[PDB]
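Engineer: Starting off with a structure, shown below.
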Amino acid sequence: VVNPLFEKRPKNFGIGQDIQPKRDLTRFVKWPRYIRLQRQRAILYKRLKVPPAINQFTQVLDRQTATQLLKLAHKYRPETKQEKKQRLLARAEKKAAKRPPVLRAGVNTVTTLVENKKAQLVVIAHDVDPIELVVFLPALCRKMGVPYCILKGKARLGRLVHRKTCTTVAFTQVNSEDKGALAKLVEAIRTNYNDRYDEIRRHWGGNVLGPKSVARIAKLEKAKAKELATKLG
Amino acid sequence: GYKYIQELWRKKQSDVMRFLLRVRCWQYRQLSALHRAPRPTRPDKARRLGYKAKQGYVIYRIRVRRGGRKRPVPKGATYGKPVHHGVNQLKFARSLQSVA
Amino acid sequence: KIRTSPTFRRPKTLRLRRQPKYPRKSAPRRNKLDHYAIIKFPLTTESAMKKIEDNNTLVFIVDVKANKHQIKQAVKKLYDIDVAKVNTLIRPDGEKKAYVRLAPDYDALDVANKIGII
Amino acid sequence: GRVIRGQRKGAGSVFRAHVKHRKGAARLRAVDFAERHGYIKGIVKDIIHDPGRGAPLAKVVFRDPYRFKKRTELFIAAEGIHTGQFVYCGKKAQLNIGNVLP
Amino acid sequence: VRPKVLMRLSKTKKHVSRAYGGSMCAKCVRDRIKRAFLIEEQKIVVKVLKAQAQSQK
RNA sequence: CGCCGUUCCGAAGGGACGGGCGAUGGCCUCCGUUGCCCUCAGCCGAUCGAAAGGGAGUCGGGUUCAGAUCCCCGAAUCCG
RNA sequence: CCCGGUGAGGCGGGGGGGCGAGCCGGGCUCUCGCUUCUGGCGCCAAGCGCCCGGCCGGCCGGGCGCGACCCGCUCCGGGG
Ligand SMILES: [Mg+2]
Ligand SMILES: [Mg+2]
Ligand SMILES: [Mg+2]
Ligand SMILES: [Mg+2]
């Protein structure tokens, strides 16, 4: 049933044999300056010995604790723009014939109430652009005995409030029913951040050579290890 | 609050601030000589110098070459009395910040 | 989507069209090169009377900014006479003399008789 | 004293080279995968006299291993080169005259 | 004729009716058809002498 | 003030055929239009630089006091 | 930080294939991975697998993978 016309014409992609195919070159592209800049700035955070104060933001909350955290931080979002008006209306018709506990946003307010010991839990975004804004909060929390935790994403911390990005978030008070969930989190957080603050304040990051240049050293070391592994007999 | 970032930006000889000032200086050294910044790098020093975070306020980052002001004259030859034979070690009367 | 070429070329984005909220100038400027401003006066010199008589043409001192097309279409409006061809030249005086040669059937001597020059 | 003739040569405008009738910079073929792991074969189209230069140049013509196109290159002609000769380039190229290899 | 006069002439006035007509001489045409068939032929001989070696060895 | 620099530290192409989607005008048949993706695209540097370089295509005869390969007659020719 | 090159085109490890030293079909050292008689041609996919889409398993017409190994943190090199 096969047709004797449909020949099979294989190409030889050897050197000088036939024109190389339209391969993939996403590795060898000449990128724009801004792309190459941020792509090789992410490498300096792997080559440079990063002090522990900045390195303490890589050890972040896991992927299972994060969900339950934002689950609890969804019952205490601030009010919208429309709910702000509709409260002025329900207050109007209240006048004609308590404030609920909610989240608390911003560094200038979280720090000022961590000093006042008003907070019960602090969430910090792990990728603040100028890190100086939250370099100190870890130590100020450990010092005051406030349970803090670093969360991955100032754009996901920023959906709790109705803004683009946020930096920190604080649970001052919670309702009765959710006080159990808050105490079931404060435990698993304080045992991960405040308890081991000694070993967090000492852990330098970065300082890791590129794989192309760690394989050139693992190979030479291998040759000198298999030397003693083969010359002894 | 800002008073933490303030006292932090005074230990420029520390470890964290000598790492940050160095990755910042490296990244700045790769961009153009005069380019607009998205947001104030130092938000505190900017408030202190009058930057309210509202529309209309713009932040430009700009780099200037350090060193004094060599006198713009032909090869050497500043024709005059020996008093004004100086070309090399001269200094400019406006700070590099005023030139930025 | 693999990168087939090692040159990142700028992607083409979308480009809108001017939808202004108010026209800059209020009114379109009227055409100051009217069919009347484009023809000042004729010539009555025996260098042009031999053109009218023999060559069946006319000689106008047209505006200097006028094409042979504007002239043709501006004698076919002021005088209603189909035109064979137009030959312009800028005089040393500065004005643009124009020799307009009328269609075969139309008689210059008898269309200059009308308008006055004869 | 006047700027000596030796000093007047670094500015140019008179002492610049006369690069009008020259045929191009005589350079080897750029290094690619072929030239780095095998060999690439080209022919010699002609041998021209470059002005202001004692050596002759040779238009060696390869074909791009990535596009459908015949690339020309201006080498300096080793002695014994003739036209229609085959010139190979790369690591696995054989060792005779006009055969650029590492 | 001059280059820009070629837009006037008809194709028969610009090419001879042959493979590579009016862009290559006939001698180098026949002397290229030859080399083409001959080189592909030797490529076939070598192709044969390849598996002829692989058969015994 | 500006100078340097002319492919050099650059996201440097606003284009094309075919296809798919959308709209439009009329023998709304069949082409044409423009909107959106898909596919494809090298270049090599904006621009200026020669009335002697390159550069398609007009010749005869007549005529004016002064203009003619330019006007008149008669024969062609290039480009779109 | 500097230099050279290029339309930043196959870099570094790992796997897969073939040849020889070897131990007795199985693990290692190796290396290669397809172009040298000629002044020829060489792209814009053959092929196998997988799916979908209209008209009557059958005409027509699309898409995906292999072909064209996977994974990576600097485009490759040379300085430092
Ligand atoms: Mg002074
Ligand atoms: Mg010009
Ligand atoms: Mg000219
Ligand atoms: Mg000329």
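We number chain A the same way Swiss-Prot does; the residues here are 80-176, 184-319, in that order.
Note that Cβ sites are derived from N, Cα and C of the backbone, with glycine treated the same way.
Residues annotated as SUMO2 cross-link in Swiss-Prot: A:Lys101, A:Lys150, A:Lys298. Residues or ranges marked as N6-acetyllysine in Swiss-Prot (evidence: similarity to another entry): A:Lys87, A:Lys150, A:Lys270.
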Engineer: Cα-Cα, whole number of Å: A:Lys270 (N6-acetyllysine) versus A:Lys298 (SUMO2 cross-link)?
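Structural biologist: Taking the Cα atoms only, A:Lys270 (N6-acetyllysine) lies 45 Å from A:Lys298 (SUMO2 cross-link).
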Engineer: By the DSSP assignment reduced to helix, strand and coil, which category contains A:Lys298 (SUMO2 cross-link)?
Structural biologist: helix
Engineer: If you draw a 10 Å sphere around the Cβ of A:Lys298 (SUMO2 cross-link), how many other Cβ atoms fall inside it, taking every protein chain shown into account?
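Structural biologist: By my count, 7.
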Engineer: Give me the count of other Cβ atoms within 10 A of the Cβ belonging to A:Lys101 (SUMO2 cross-link).
Structural biologist: 10
Engineer: Given A:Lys298 (SUMO2 cross-link) and A:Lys150 (SUMO2 cross-link), what distance in Å do their CA atoms have, once rounded to a whole number?
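Structural biologist: Counting only the Cα atoms, the answer is 43 Å.
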Engineer: Which number gives the other C-beta atoms within 10 angstroms of the C-beta of A:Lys270 (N6-acetyllysine), all protein chains shown included?
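Structural biologist: So the number of other Cβ atoms within 10 Å of A:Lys270 (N6-acetyllysine) is 11.
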Engineer: Which residues of the same chain, at least 6 positions away in sequence, have a Cβ lying under 8 Å from the Cβ of A:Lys150 (SUMO2 cross-link)?
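Structural biologist: Looking at Cβ-Cβ distances below 8 Å from A:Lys150 (SUMO2 cross-link), excluding near sequence neighbours, one finds none.
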Engineer: Measuring Cα to Cα, tell me the gap between A:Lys87 (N6-acetyllysine) and A:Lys101 (SUMO2 cross-link) in whole angstrom.
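Structural biologist: Counting only the Cα atoms, the answer is 20 Å.
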Engineer: Three states by DSSP: which one describes A:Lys87 (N6-acetyllysine)?
Structural biologist: coil
